[PDB]
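Chemist: only geometry, no sequence info:
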């Protein structure tokens, strides 16, 4: 049998969020000048001149 | 190559110009004295007339 009162429910949810798929779009990156680019040892690469 | 010495491992921004570090690697009186003159040459500033 269809009981109306007992078949009723309250459904919880959030309110007005927004979803973002890509994530590295807000970043804006740039390298230092590559001649003064340095490896892990804090000692320059391609310095023999 | 006149003394079978290792070629060089010269940094670009090395404060010593290669005749400075050559003066203190090779062992011959003539060449070393020559390099000594070259390195420690300079104008003599003097007030005349």
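Modeler: In hand now; what should we look at? Numbering: from 1, shown residues only, chains lettered A, B, ... in the order given.

Chemist: and the residue in chain B positioned nearest to chain A, what is it in contact with?
Modeler: Minimum separation of chain B from chain A (Cβ to the nearest Cβ) falls at residue B:12, amounting to 4.0 Å. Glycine gets a C-beta too; all of them are placed from N, C-alpha and C. For residue B:12, the set of contacting residues under the criterion of Cβ atoms under 8 Å, 6 or more residues apart in numbering or on different chains consists of A:47-49.

Chemist: I'd like these laid out as JSON lines, including secondary structure and neighbour count.
Modeler: Conversion of the contacts of residue B:12 to JSON lines gives the following (DSSP: H, G, I helix; E, B strand; the rest coil; neighbours: other Cβ atoms under 10 Å in any protein chain shown):
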{"residue": "A:47", "secondary structure": "coil", "neighbour count": "14"}
{"residue": "A:48", "secondary structure": "strand", "neighbour count": "10"}
{"residue": "A:49", "secondary structure": "coil", "neighbour count": "9"}
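
Chemist: Now those residues in TSV, please, with extra columns for distance to residue B:46.
Modeler: Formatted as TSV, the entries for the contacts of residue B:12 read as follows, by distance: Cβ to Cβ, whole Å:
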residue	distance to residue B:46
A:47	40
A:48	41
A:49	37
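
Chemist: near chain B too, which of these?
Modeler: A:47-49 (Cβ under 8 Å from any Cβ of the partner chain).

Chemist: quick one, phi psi at residue A:35?
Modeler: Main-chain torsions, residue A:35, degrees, to the nearest 10: phi -70, psi -40.
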